[PDB]
Amino acid sequence: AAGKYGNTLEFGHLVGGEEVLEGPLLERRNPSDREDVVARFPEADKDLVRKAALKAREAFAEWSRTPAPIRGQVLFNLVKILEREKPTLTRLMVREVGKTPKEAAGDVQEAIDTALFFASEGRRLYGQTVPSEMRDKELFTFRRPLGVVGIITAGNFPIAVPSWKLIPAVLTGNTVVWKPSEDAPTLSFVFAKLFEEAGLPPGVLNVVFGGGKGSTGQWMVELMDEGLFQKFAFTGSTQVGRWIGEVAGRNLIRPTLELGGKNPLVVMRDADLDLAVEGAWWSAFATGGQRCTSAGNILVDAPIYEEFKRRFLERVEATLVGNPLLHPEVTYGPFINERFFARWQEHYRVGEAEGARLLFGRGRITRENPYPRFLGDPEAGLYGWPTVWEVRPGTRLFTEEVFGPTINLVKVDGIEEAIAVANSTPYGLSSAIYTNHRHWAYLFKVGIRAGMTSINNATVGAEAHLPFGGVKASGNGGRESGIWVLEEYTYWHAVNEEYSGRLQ
Amino acid sequence: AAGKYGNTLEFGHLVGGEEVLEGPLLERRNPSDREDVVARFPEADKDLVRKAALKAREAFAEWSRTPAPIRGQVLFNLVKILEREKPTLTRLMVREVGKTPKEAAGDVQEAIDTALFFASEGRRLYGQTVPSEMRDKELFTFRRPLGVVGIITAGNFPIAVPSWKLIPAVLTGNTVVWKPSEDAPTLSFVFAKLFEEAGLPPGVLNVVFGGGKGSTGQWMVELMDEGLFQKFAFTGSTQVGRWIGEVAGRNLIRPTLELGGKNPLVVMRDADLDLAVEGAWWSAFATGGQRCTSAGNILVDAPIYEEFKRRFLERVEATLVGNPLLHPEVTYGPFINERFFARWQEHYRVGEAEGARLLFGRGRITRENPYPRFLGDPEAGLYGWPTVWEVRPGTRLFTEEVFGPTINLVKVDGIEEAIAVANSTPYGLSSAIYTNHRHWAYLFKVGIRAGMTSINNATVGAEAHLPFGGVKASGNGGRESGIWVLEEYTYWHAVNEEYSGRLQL
Amino acid sequence: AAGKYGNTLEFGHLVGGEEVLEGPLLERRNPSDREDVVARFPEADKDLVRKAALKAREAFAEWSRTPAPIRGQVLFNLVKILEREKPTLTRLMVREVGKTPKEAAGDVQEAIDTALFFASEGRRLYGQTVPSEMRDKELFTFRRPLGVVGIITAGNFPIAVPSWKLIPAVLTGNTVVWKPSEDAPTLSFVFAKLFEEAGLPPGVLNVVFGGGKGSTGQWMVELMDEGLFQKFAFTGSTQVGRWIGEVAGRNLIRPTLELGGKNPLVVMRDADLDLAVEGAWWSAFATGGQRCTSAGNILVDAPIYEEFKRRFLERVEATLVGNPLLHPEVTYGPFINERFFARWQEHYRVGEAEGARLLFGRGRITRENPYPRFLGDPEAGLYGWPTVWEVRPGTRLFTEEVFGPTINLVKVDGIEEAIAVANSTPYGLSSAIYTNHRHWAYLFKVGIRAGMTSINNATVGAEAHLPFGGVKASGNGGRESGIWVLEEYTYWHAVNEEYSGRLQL
Amino acid sequence: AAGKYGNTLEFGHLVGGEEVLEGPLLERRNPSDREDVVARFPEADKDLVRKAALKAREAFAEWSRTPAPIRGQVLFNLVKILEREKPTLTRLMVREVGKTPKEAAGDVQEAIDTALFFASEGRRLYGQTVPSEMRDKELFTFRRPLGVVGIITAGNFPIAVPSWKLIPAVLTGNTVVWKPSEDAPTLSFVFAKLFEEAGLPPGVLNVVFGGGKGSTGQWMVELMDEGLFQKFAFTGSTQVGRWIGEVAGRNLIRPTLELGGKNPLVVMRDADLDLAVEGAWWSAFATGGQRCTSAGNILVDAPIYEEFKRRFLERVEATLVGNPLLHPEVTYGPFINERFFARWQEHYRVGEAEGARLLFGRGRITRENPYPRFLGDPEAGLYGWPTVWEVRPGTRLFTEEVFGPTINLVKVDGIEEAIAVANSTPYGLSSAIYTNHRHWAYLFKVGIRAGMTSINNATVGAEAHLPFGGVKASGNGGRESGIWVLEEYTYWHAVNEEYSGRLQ
Ligand SMILES: [Cl-]
Ligand SMILES: [Cl-]
Ligand SMILES: [Cl-]
Ligand SMILES: [Cl-]
Ligand SMILES: [Cl-]
Ligand SMILES: [Cl-]
Ligand SMILES: [Cl-]
Ligand SMILES: [Cl-]
């Protein structure tokens with residue numbers, strides 16, 4: 001078929017390098033305009049996943065024992081292919097998940113950067129030579145591939161965040177089974193095909209499509225109990241993370257777990273207001289607030305509270321919203337999926353119930369409830385009014401993660417107290433402070449309990465060559481970019497060579 | 001009291017730096033001679049563990065914010081105090097767990113080495129400065145303490161293996177709750193007091209004594225569900241490890257898990273037989289086969305099978321066994337506890353049942369079933385005949401870990417097949433090959449699935465400044481000594497500083 | 001003009017991104033066939049070098065303060081452009097320096113690999129965060145660009161070896177003045193233009209052509225005394241290196257110095273002869289023996305001496321020699337320049353004089369003195385008979401580097417003595433041993449005084465992502481590839497931040 | 001003999017572990033009181049140095065091939081012995097070089113810290129395992145000892161700064177010839193004996209006493225031309241450094257060169273004045289201004305110039321000066337040697353000549369020119385009035401290093417200009433800025449051309465586990481503490497092992 005803004009594509013799983021149309025058909029509709037159908041694709045039953053894992057096990061023998069620098073050459077080709085395809089993938093990603101074209105070119109770019117980074121790590125992966133305490137004896141360490149990796153990914157960063165996992169996994173000589181978000185199946189099929197074209201041998205990467213709970217994603221976790229995975233990486237909700245953590249736990253796997261957060265952004269009295277407003281604004285409404293790292297609470301220092309709040313609302317009022325395929329100028333578009341739209345709609349009622357003051361936002365944008373800076377037709381999909389609250393700490397709006405274009409303001413007095421309030425959340429992913437006093441940035445830097453912190457910078461837009469990850473309910477201690485991710489996809493082999501003829 | 005070979009000591013838990021007699025008294029008997037009672041000490045009820053965790057939470061505020069190089073000064077004092085106490089700790093460790101005096105001085109030494117290593121890491125703990133892609137912007141990383149660490153340790157290495165966990169934990173600014181093996185409570189009490197004398201502030205280290213299943217150790221794991229631990233380290237059985245793994249799992253903790261193994265030792269046709277026999281022998285019978293890393297199977301290359309086997313048994317015949325307090329010359333002594341003795345006694349009947357050929361070993365040493373090279377009285381404790389089997393791969397003697405002085409022989413042909421058989425085991429901790437062909441050592445080096453490998457060297461005797469740890473059922477991927485353990489007791493804080501006063505994205 | 005095998009090209013210096021015809025014209029002839037003229041190009045007078053250094057000083061302001069990851073983007077484009085141009089650079093390099101097409105594609109490849117390596121180091125260059133001993137105080141380190149780098153390169157690896165210097169220099173934010181070998185000026189001009197196309201801002205790279213002694217290269221060193229260079233890298237003879245060393249010395253510069261060697265290759269009795277012969281053979285005659293790392297002495301273990309020698313000469317007999325443009329199948333071609341041909345011709349007379357036994361080789365290949373496996377016309381250039389000697393240690397053939405297709409045999413007895421003889425040379429660059437006894441490779445590994453060592457592998461063919469460099473007369477301790485070269489083109493800035501608002505000391 | 005405040009000690013060189021009284025007698029007098037004679041000791045003629053180098057060459061065979069962790073055990077014993085001796089060495093160092101007892105206990109402490117640091121590096125010295133691009137092939141690197149190291153040291157940090165060189169040298173398996181400052185020969189003899197007691201085998205450390213120019217130090221450099229040294233480290237003047245650099249240069253040695261500096265300290269308008277005054281004050285007058293890192297110029301931001309200058313002079317007026325053996329409370333004491341006293345006396349006349357304004361200081365303290373806060377008798381030795389100038393940039397007081405208790409003030413306007421003025425000096429060792437604006441500290445941090453920089457902290461008191469060293473005329477690129485010094489005393493051996501039977 002042709003769809004409304006492009007072709008409807010039908011395709012199967014990729015197992016040992018073949019297409020496999022095996023299972024009930026699902027379909028992904030353009031979230032910006034649900035009349036456009038983007039793709040049609042099977043639900044992998046659990047036995048197909050079992051097969052995919054075992055093609056991966058067969059492929060690992062040859063791939064793992066392929067020279068690491070030659071594995072790098074595959075990634076180098078991928079860098080080139082990704083570069084070529086960057087305009088295509090940008091178009092497709094606006095169609096399939098409703099990111100703005102600026103943000104979507106950015107997504108693709110991070111995969112390009114990731115691929116370049118690891119092409120080169122083919123000739124690094126440094127281990128150690130160590131001095132023995134004994135004469136006539138040498139000591140070594142060596143990073144070794146774990147085996148078959150199972151990977152589950154969300155759809156809000158559908159090329160970038162998969163690449164953080166897929167690329168270092170195959171570079172260190174592992175083999176992969178990948179279950180991508182039913183929100184972005186076409187991009188995943190493509191990205192798997194780009195990898196094929198780049199030279200990845202068949203079976204090294206296998207892709208199985210489907211849903212999460214009661215679907216493929218769950219079957220996929222359950223297979224850790226049959227020992228088909230030597231490693232597992234997941235991006236998603238803390239509820240699901242804890243479960244996957246437990247399953248990996250009893251099967252002696254360290255899993256990688258990016259689990260979202262409630263990201264504090266502090267604005268001290270001595271801050272540059274315009275800059276801090278631009279950063280709160282962008283932290284809140286980038287990707288329509290559907291980022292692990294989107295800001296949950298702006299903590300504004302009491303002296304500047306009123307002035308900040310007036311300027312922030314001015315800025316929020318200006319947010320454009322709309323079909324980013326038809327209106328590239330727009331700040332954000334639709335909800336990626338139905339599930340986030342629903343949780344976000346409920347957040348209004350929890351707010352009113354616990355007594356938050358709603359400063360701006362009239363829930364879902366529709367004909368009967370139109371939004372002044374909307375562009376296009378708000379009924380073609382699920383779009384949300386920008387939303388702003390004032391909230392007491394301790395409350396549920398304050399502590400619980402809510403994907404969607406919502407942000408809270410909170411009045412704080414101390415730096416003392418700003419730090420205490422910033423920490424009053426089960427999460428600990430991302431954080432930010434806007435200030436000019438060296439001492440104030442120092443105290444927050446070391447007083448916050450987060451895995452990432454920004455000074456005079458948004459909670460979003462971490463650079464791709466720094467360790468990405470959260471502490472507390474935001475993850476289990478692993479990190480995803482740079483040299484730090486090598487701990488995730490390898491283990492330490494320790495070797496001692498005796499050249500004397502003596503026991504010692 | 002006075003005991004038979006020293007004092008019987010009574011003592012409590014150490015919580016926020018005070019002694020606490022709270023719970024039913026247990027007792028640790030001298031395993032070499034169970035008439036000697038070494039200690040009486042309480043079983044921490046779960047609420048006292050809860051309190052210990054919360055003293056640790058109170059103490060973490062000031063310890064974590066104590067300069068890392070000053071935390072190193074504490075460890076440097078500990079190195080000196082440990083040095084002073086090395087002869088007394090050696091005596092006490094032969095009394096309390098029945099290690100030979102040579103092996104027990106060695107145990108103490110690894111704590112000394114560990115403490116020196118980390119005294120100095122107080123002025124390292126390096127993180128990174130990183131270039132931004134943006135002008136007027138700097139990037140950093142910082143290693144940060146996790147919080148309160150819960151630690152459970154076995155008793156077979158009662159000073160060394162605890163120190164691998166305790167020392168890097170407090171050095172990186174964490175606070176600790178420690179539950180030591182009911183097999184070695186006096187050494188743990190001491191070691192906690194040496195730490196105190198070295199300058200560790202009270203509450204930074206808390207010690208709660210007791211048992212494992214249905215006791216303190218279990219209560220201690222269960223508390224991860226109340227979020228009292230931000231990290232957990234365990235040495236023990238894979239059965240228990242899997243459970244601890246699961247609990248830590250749902251609480252988003254990476255735990256540290258040394259879970260023992262079935263350690264393959266390969267002897268290729270071109271090996272030096274006398275040297276390979278000394279290494280199989282020492283791998284098997286060091287600590288009476290009660291090490292995570294003790295050898296489980298000798299894989300002998302078919303061409304030298306018969307010659308090796310004859311010489312190995314000659315060497316095993318020579319093993320001395322006895323009360324290492326009265327006979328220091330002895331190779332190994334008693335079982336640490338009655339649990340290991342029991343599992344090892346059953347292994348004879350599993351052996352007979354699946355049809356292993358028993359080449360040597362008459363089960364428990366007693367007066368009625370004496371051992372030619374025994375010294376002392378074998379009824380005063382649980383002592384085991386050195387034991388040798390031939391076994392087919394696939395069997396339970398071949399695949400299952402059995403603490404005790406038992407080893408299997410297996411005939412192999414290729415290097416091909418040596419590697420395939422070495423890997424036919426759920427475990428993946430330690431390994432060894434005896435060979436002189438460079439290509440053969442290379443193929444084993446890269447063909448084995450283990451986290452430690454020895455060439456012309458035993459499966460035991462890892463050096464303390466190399467990463468200790470197993471793959472497969474032997475652990476979950478963490479590592480314990482050297483710079484590698486810093487990943488366990490810290491997390492990565494990533495900081496980005498904008499000085500350019502504009503949003504650039 | 002049109003030449004005989006391509007165009008004759010005329011071109012100038014590149015200074016702040018402009019072409020500059022300033023100075024007396026030199027010419028580079030096709031060494032394989034000197035009727036073919038490859039290029040005409042100026043000799044930079046010392047004042048033009050002075051200007052090039054000062055364009056580099058002007059450009060450093062904005063390049064150094066260009067985000068390192070963006071500097072990497074330039075290199076990533078260069079990788080792509082180099083890939084596109086790999087067949088043309090291969091052709092041109094066979095024309096301009098007489099490398100065989102296989103070896104010349106390899107040369108280009110190492111630049112490609114180098115550029116990819118460093119494209120990625122744009123997002124690394126890691127420094128350190130370090131714990132203070134004081135409360136409320138943080139410590140950092142930062143790698144910083146040195147400034148303007150002066151670079152002099154040989155012509156035998158005219159794209160690879162320049163890239164080891166050029167690329168890490170500009171990546172770490174330095175600016176460059178480059179004086180390339182008058183043996184390979186067209187490739188250098190090209191490579192500088194590829195860099196331009198890749199996005200290198202003008203003035204960041206400046207190229208000044210000319211000669212060495214009494215020419216541009218000398219003027220270029222002399223300018224360290226006017227402080228126009230904050231760093232200097234050189235590939236060449238130890239004679240020249242010592243001088244450059246001294247000049248950099250008094251100007252407080254650590255310079256980078258690859259200074260060639262006399263590379264010992266040992267063949268123990270237990271070696272695989274065919275493999276060790278292939279490795280001695282390729283070590284000797286790769287690039288016609290015109291590599292820093294080409295083998296100088298084969299040390300053969302007395303038991304296999306005669307057998308090895310017979311097989312080696314059989315293999316040497318088989319060497320093909322010829323115009324690699326017309327006969328790609330050929331092992332090596334002409335001398336790069338007339339200087340090397342001259343020194344190598346004299347080596348025959350030094351040999352006769354000190355009493356070496358000449359086993360094979362009749363000096364220069366000519367029509368009147370033809371070589372059985374020559375292809376083409378040997379008078380069109382300077383070509384050399386493969387040459388083999390037996391020599392006593394202590395002699396000048398044994399100790400002195402001789403670019404050209406010459407190799408010595410030496411009889412040795414121990415591993416003992418193999419190592420002692422291997423070390424009896426002023427140089428210490430590369431080394432190799434062929435053996436199967438693990439202990440013998442270990443003793444050589446730790447007994448040799450060299451900065452690179454091969455086990456059952458040639459003295460040539462270092463991998464590009466390992467540190468390249470020599471000890472003794474082969475260099476001053478710096479290293480060229482991988483992470484190790486970052487020490488050369490940066491300095492360590494150490495920063496300490498006090499937030500505690502009090503003097504504490 | 002007994003001297004006036006302790007024993008006069010006579011002793012020889014230490015060569016292959018024996019005492020050697022061979023040469024004309026020199027003597028070191030107590031600089032605080034020159035009637036007290038501290039020591040009597042020979043001048044090593046050049047042939048004795050030649051012998052010392054060759055004992056070191058013989059000893060290297062055994063020491064280098066001694067397990068690195070066992071070499072660490074020697075240092076661990078040294079830590080303990082140094083701890084025991086810390087009160088003795090502190091007394092002796094106040095007697096022999098006239099440091100205050102606080103500063104001298106500090107000196108000894110840095111050696112203790114250095115020794116602990118490197119005791120532990122016995123089990124580190126990490127090298128690399130690297131992946132080959134070829135199948136059946138492994139790559140390694142290994143740090144290797146250079147050989148015999150020649151070491152020349154100044155006397156102003158007579159235990160600390162020698163330990164930065166001596167300890168990492170012997171730990172990495174090198175052997176040493178050491179020529180210590182004729183200003184501190186007793187401490188060096190002692191420290192060499194403590195090393196002996198700690199377990200250092202004889203010949204691994206050799207000590208040869210004497211002078212510099214036309215004496216042992218020079219003979220010692222000249223021996224690089226006979227190839228007796230594989231490495232050379234020097235602390236001293238830039239003139240001498242350049243020479244040693246050249247000699248090492250032609251002999252293909254990378255030498256280590258700490259060469260002093262003219263250390264800028266900037267005080268921005270937003271600074272904390274009391275803190276910045278305490279830091280200028282301590283930067284200037286610690287060790288009587290006889291530190292490589294002592295401050296040369298205070299750059300005061302125009303808005304606060306007058307206020308700062310008044311408070312600084314108040315603080316300087318308070319400086320106590322005197323015989324630190326008899327008056328521990330004193331800030332600084334005598335000149336270490338006659339040479340610095342002389343250069344510092346000349347600096348007054350260069351100042352007047354180029355027109356600097358002298359704000360405070362009457363040259364040498366004597367009976368006829370007494371100093372209000374002097375304690376003791378100023379004629380017993382060479383003591384200097386604290387000295388303060390205002391100076392134009394470009395002048396010689398501004399650009400040239402002057403050991404002694406002198407400091408300049410300079411008015412600056414920009415941060416722009418503060419950085420330009422801070423850099424207008426041939427040196428580039430140490431630096432500092434006092435400020436609270438994050439942007440101001442950032443611009444200085446990255447605009448200065450120095451190898452060490454302090455924010456709201458003195459130019460002195462670098463921590464011992466950070467890389468110590470200067471750029472420009474302050475050194476040649478090497479660094480001295482921490483992991484960074486390992487580049488100085490080792491070289492990189494690169495090994496490739498082929499296990500196939502193939503050429504590739
Ligand atoms: Cl999903
Ligand atoms: Cl979800
Ligand atoms: Cl949904
Ligand atoms: Cl409110
Ligand atoms: Cl001196
Ligand atoms: Cl001087
Ligand atoms: Cl003098
Ligand atoms: Cl003035």
# chains A, B, ... in the order shown; residues from 1 in each chain; ligands from 1
>>> residues_around(residues="residue 377 (chain C)", least_positions_apart="3", cutoff="12 Å", atoms="only C-alpha atoms", output="list in words")
residues 32, 33, 34, 35, 321, 322, 323, 324, 326, 327, 333, 334, 365, 366, 367, 368, 369, 370, 371, 373, 374, 380, 381, 382 and 383 of chain C
>>> interface_residues(of="chain C", to="chain A", cutoff="6 Å", atoms="only C-alpha atoms", output="number ranges by chain")
C: 117, 120, 439, 499
>>> closest_residue(among="B:337, B:235, B:290, B:436", to="chain C", atoms="only C-alpha atoms")
B:436
>>> residues_near_ligand(ligand="ligand 8", cutoff="6 Å", atoms="only C-alpha atoms and all ligand atoms", output="JSON list (two decimals) with C-alpha atoms, in the first residue's frame")
[["chain", "number", "residue", "atom", "x", "y", "z"],
["D", 356, "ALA", "CA", 59.27, 50.57, 40.33],
["D", 357, "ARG", "CA", 57.66, 52.22, 43.41],
["D", 390, "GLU", "CA", 54.20, 48.35, 42.42],
["D", 391, "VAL", "CA", 55.55, 47.61, 38.93],
["D", 392, "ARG", "CA", 54.67, 48.08, 35.31]]
>>> closest_atom_pairs(of="chain A", to="chain D", cutoff="10 Å", atoms="only C-alpha atoms", output="JSON lines")
{"residue": "A:65", "atom": "CA", "partner": "D:135", "partner_atom": "CA", "distance": 7.9}
{"residue": "A:66", "atom": "CA", "partner": "D:135", "partner_atom": "CA", "distance": 7.2}
{"residue": "A:67", "atom": "CA", "partner": "D:133", "partner_atom": "CA", "distance": 5.3}
{"residue": "A:68", "atom": "CA", "partner": "D:131", "partner_atom": "CA", "distance": 6.2}
{"residue": "A:69", "atom": "CA", "partner": "D:133", "partner_atom": "CA", "distance": 5.2}
{"residue": "A:70", "atom": "CA", "partner": "D:133", "partner_atom": "CA", "distance": 6.4}
{"residue": "A:71", "atom": "CA", "partner": "D:133", "partner_atom": "CA", "distance": 9.4}
{"residue": "A:72", "atom": "CA", "partner": "D:133", "partner_atom": "CA", "distance": 9.9}
{"residue": "A:121", "atom": "CA", "partner": "D:131", "partner_atom": "CA", "distance": 9.9}
{"residue": "A:122", "atom": "CA", "partner": "D:131", "partner_atom": "CA", "distance": 7.6}
{"residue": "A:123", "atom": "CA", "partner": "D:131", "partner_atom": "CA", "distance": 6.2}
{"residue": "A:124", "atom": "CA", "partner": "D:130", "partner_atom": "CA", "distance": 6.3}
{"residue": "A:125", "atom": "CA", "partner": "D:130", "partner_atom": "CA", "distance": 6.8}
{"residue": "A:126", "atom": "CA", "partner": "D:130", "partner_atom": "CA", "distance": 5.4}
{"residue": "A:127", "atom": "CA", "partner": "D:129", "partner_atom": "CA", "distance": 4.6}
{"residue": "A:128", "atom": "CA", "partner": "D:128", "partner_atom": "CA", "distance": 4.2}
{"residue": "A:129", "atom": "CA", "partner": "D:127", "partner_atom": "CA", "distance": 4.6}
{"residue": "A:130", "atom": "CA", "partner": "D:126", "partner_atom": "CA", "distance": 5.4}
{"residue": "A:131", "atom": "CA", "partner": "D:123", "partner_atom": "CA", "distance": 6.2}
{"residue": "A:132", "atom": "CA", "partner": "D:67", "partner_atom": "CA", "distance": 6.5}
{"residue": "A:133", "atom": "CA", "partner": "D:69", "partner_atom": "CA", "distance": 5.2}
{"residue": "A:134", "atom": "CA", "partner": "D:67", "partner_atom": "CA", "distance": 6.2}
{"residue": "A:135", "atom": "CA", "partner": "D:67", "partner_atom": "CA", "distance": 6.1}
{"residue": "A:136", "atom": "CA", "partner": "D:67", "partner_atom": "CA", "distance": 9.0}
{"residue": "A:137", "atom": "CA", "partner": "D:67", "partner_atom": "CA", "distance": 9.3}
{"residue": "A:140", "atom": "CA", "partner": "D:129", "partner_atom": "CA", "distance": 7.3}
{"residue": "A:141", "atom": "CA", "partner": "D:129", "partner_atom": "CA", "distance": 7.0}
{"residue": "A:142", "atom": "CA", "partner": "D:129", "partner_atom": "CA", "distance": 6.7}
{"residue": "A:143", "atom": "CA", "partner": "D:129", "partner_atom": "CA", "distance": 9.1}
{"residue": "A:435", "atom": "CA", "partner": "D:438", "partner_atom": "CA", "distance": 8.8}
{"residue": "A:436", "atom": "CA", "partner": "D:438", "partner_atom": "CA", "distance": 5.6}
{"residue": "A:437", "atom": "CA", "partner": "D:436", "partner_atom": "CA", "distance": 5.8}
{"residue": "A:438", "atom": "CA", "partner": "D:438", "partner_atom": "CA", "distance": 5.3}
{"residue": "A:439", "atom": "CA", "partner": "D:436", "partner_atom": "CA", "distance": 7.8}
{"residue": "A:441", "atom": "CA", "partner": "D:438", "partner_atom": "CA", "distance": 8.9}
>>> select_by_dssp(residues="region 75-301 of chain B", states="alpha helix (DSSP H)", output="ChimeraX atom specification")
/B:75-97,101-121,160-171,185-198,216-222,238-250,273-285
>>> residues_around(residues="region 206-219 of chain C", least_positions_apart="3", cutoff="9 Å", atoms="only C-alpha atoms", output="PyMOL selection string")
chain C and resi 12-17+26+41-50+52-53+55-56+152+175-182+185+188-189+192+202-203+222-223+240
>>> residues_near_ligand(ligand="ligand 4", cutoff="12 Å", atoms="only C-alpha atoms and all ligand atoms", output="PyMOL selection string")
chain A and resi 351-352+354-359+388-395+397-398+408-412
>>> interface_residues(of="chain B", to="chain C", cutoff="8 Å", atoms="only C-alpha atoms", output="VMD selection string")
chain B and resid 65 to 70 122 to 135 140 to 142 436 to 438
>>> select_by_dssp(residues="region 148-244 of chain D", states="strand (DSSP E or B)", output="PyMOL selection string")
chain D and resi 148-153+175-180+202+205-207+231-235
>>> residues_near_ligand(ligand="ligand 7", cutoff="6 Å", atoms="only C-alpha atoms and all ligand atoms", output="list in words")
residues 337, 338 and 339 of chain D
>>> write_last_selection(atoms="C-alpha atoms", output="tab-separated table (two decimals), in the first residue's frame")
chain	number	residue	atom	x	y	z
D	337	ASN	CA	72.27	30.20	50.61
D	338	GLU	CA	74.49	33.22	49.81
D	339	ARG	CA	73.69	33.18	46.12
>>> residues_near_ligand(ligand="ligand 5", cutoff="6 Å", atoms="only C-alpha atoms and all ligand atoms", output="list in words")
residues 154, 181, 182 and 183 of chain D
>>> atom_distance(atom1="CA of residue 186 (chain C)", atom2="CA of residue 5 (chain C)")
14.4 Å
>>> residues_near_ligand(ligand="ligand 6", cutoff="10 Å", atoms="only C-alpha atoms and all ligand atoms", output="MDAnalysis selection string")
chainID D and resid 154 212:213 235:241 259 339:340 343 403
>>> residues_around(residues="region 94-108 of chain A", least_positions_apart="6", cutoff="8 Å", atoms="only C-alpha atoms", output="JSON, numbers by chain")
{"A": [5, 28, 29, 30, 31, 32, 38, 82, 86, 87, 155, 156, 157, 158, 159, 160, 183, 184, 186, 187, 287, 323, 324, 325, 328, 330, 331, 332, 333, 334, 335, 336]}
